[PDB]
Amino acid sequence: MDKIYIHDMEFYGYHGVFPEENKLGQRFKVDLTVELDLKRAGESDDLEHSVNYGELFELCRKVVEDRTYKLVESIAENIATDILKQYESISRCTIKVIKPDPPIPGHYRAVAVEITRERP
């Protein structure tokens, strides 16, 4: 299926299992993929046949910046649920939530979770 992507959104948030993380905050990154037909939009040049990617950005920002969860899994799950609830034309989405600066002693680029969700 055709795809809309938003790559490497960066937010500052307060999610985390440790209370110290909830106090200090840290970077969170999100990669978004949504699956939908884009042919009608590409033939007509009419945005009403697609999904406004500015709205998709704001949907992600709300989950990461305006809420606080323990788990990155909860960020991913809530983004996916909100997308499918709000956009009937999107059949499936893949949400990757990245924690690049976790409190793990060691050397690495990032930890992340990734889920793919569709309706029943």
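Numbers for residues come from their place in the sequence shown, where the first is 1.
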request  = For the higher mean C-alpha B factor in the entry, choose 96-104 or 15-23.
outcome  = 15-23
inquiry  = Please compare 25-33 with 63-71 and say which has the higher mean C-alpha temperature factor in the record.
reply    = 63-71
ask   = Relative to the other modelled residues in the chain, which third contains the C-alpha temperature factor of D2: lowest, middle or highest?
value = middle
remark   = The third of the chain into which the C-alpha temperature factor of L47 falls is the highest
ask   = Hey, what third does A80 fall into on Cα B-factor, ranked over its chain?
value = middle
